[PDB]
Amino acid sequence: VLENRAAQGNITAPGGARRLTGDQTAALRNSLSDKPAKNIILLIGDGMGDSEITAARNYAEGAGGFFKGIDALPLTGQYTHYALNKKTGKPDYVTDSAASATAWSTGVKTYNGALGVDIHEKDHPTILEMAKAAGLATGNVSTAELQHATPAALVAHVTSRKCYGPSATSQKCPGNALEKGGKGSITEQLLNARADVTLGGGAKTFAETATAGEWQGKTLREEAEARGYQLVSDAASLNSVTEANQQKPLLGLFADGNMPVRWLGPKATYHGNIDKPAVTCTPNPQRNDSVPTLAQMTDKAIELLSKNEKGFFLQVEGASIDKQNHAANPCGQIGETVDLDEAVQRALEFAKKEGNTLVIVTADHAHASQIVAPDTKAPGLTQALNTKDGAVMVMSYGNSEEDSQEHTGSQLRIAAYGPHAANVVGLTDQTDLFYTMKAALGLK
C-alpha cells in the first residue's frame, strides 16, 4: 500500500527500475477496512484508459516516474463498461460517455446516448439523488459543459444526451419536454436536483428560456438566481464563496461550452512521426488565469462540502482527455491527464487527513491513443514527442478515417483508497461501482 512508486534508481542497473521498496502484504492488509465511508470522491478521467495513463506518465514524469495522484491509489482492478443495444437488449461492446455514466450512477446498463434511464426508457435514481435524500452534501464538478453526459448523468433522466436545454428537448426528447408534461431538459433537471456544489462550463444553455412551468419566459440563468443559486463565473468569485448548502447552493459556469485545455500542441498527422519534428508541449495561451483549474474547483468543492456533518458525495471529471483523444492531439490529451492528476492529489490529501473518505479514480471507457515505436509507419495519425526522459515517444491514433478518433472497448483500470476500497479489486463491472458506493455510504 505504498505511496511512492517511482523507479528506485539507475534504470540500467539490476533493481534500478523497481518501483517496490519491499513486501506489500502487511501494508496492503493494513489498508483493508470495511468500516463505513463518510465521504466519497469519485474522479473520472473521461476516456482515460491504461494507455492514456501510460502515455501521460511517460511524457510528464518519464517512464520510470510516477503520478503522485493517479498512480498513488493502493487497491487496483480492471472493469468492464460495455453498453446495450436499445432494440435487442444485447451488449454493445463500445459505450459512449452517457451509457457508462448512467451505469455507475444508477447501477443499470443502458444504451448509448441514454442519461439516467434504462433501455425501456424508465428512470432510475442516481447515487447523488440518494445521497441528497439521506442528508449528505453533494457536488458535481467537470471541465466540460455541465450538460455533458458525465456530470449530467447524476442529475438528469432523458432518453437522449442531446437534450441540453428547452429547445433541443422539445425536438429530441418530447417525452421529457416540460411543455409536454415531462421532467424537462438536462439543464432544467440539473436546477431541480439542486446539488450543493456544481461547477463547470456550459453557460450558453442557461440563456435558454423555459417554455412552461413556474418559470416560463425566464432564462434558465434568471431561474437559477430566482431559486437561490449563487452564481460565480471565475476563480476569484469562486474563492470568495464561504458556504454552499440547500439554502444557498453554488453553481459555477466558467465557460460557454467546455473549459479550455491546459496545453497546446499540433494535431497528429499521417506519417507525422516520420515527416514532422518531435514536439514539446507548451501552455495554452487561450486559457486565462481567471478560469479555475480542475484542482482548484476540486479543492473549493471539498472545502464547502466537508462542512456537512453527515458527509458528502463528490464527483469530479477531467473531460477533455477524451475530447483531445477524439481530436488526435497528444499535448491536449496529456495536459488534461496532468490536470486530473493534480485534482486527484487534492482528493488524496483530504482523504488521508480525514480518514473516512473513499477515493476512486477511473475512466468511463477506453479510447484511441496508442504508444508505438519511433519508426512506426502507421495508417492513421501519429506524432513524435520529446518526453521528460529526453527520449522520443510516438503516439498513434489509428481507428478512424473520419474527423474524430473512436472510443475502444477494452476493460480498464479502476483504483481506490479508503473504506470499502477492496471492492475495486479483481475484475468487476462499471455497475458494481454504483453498488460499492451505495454500500460504503450505507445508503438505503
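Don't overthink the numbering: it's just position in the shown sequence, from 1.
In this crystal structure, the stretch out of 158-166 and 98-106 whose C-alpha atoms carry the higher mean B factor is 158-166. Averaged over their C-alpha atoms, the temperature factors of 416-424 and 19-27 are higher for 19-27. Considering 269, 187, 240, 324 together, the PDB entry gives 240 the largest C-alpha B factor. When the C-alpha B-factors of 294, 83, 178, 344 are ranked from the entry, the top spot goes to 178.
The PDB entry assigns residue 278 a C-alpha temperature factor belonging to the middle third of its chain's modelled residues. Among the modelled residues of the chain, residue 312 sits in the middle third by CA temperature factor in this PDB entry. Split the chain's modelled residues into thirds by C-alpha temperature factor. Residue 369 is in the lowest one. Per the deposited record, the Cα B-factor of residue 390 falls in the middle third when ranked against the other modelled residues of its chain. The PDB entry assigns residue 298 a C-alpha temperature factor belonging to the lowest third of its chain's modelled residues.
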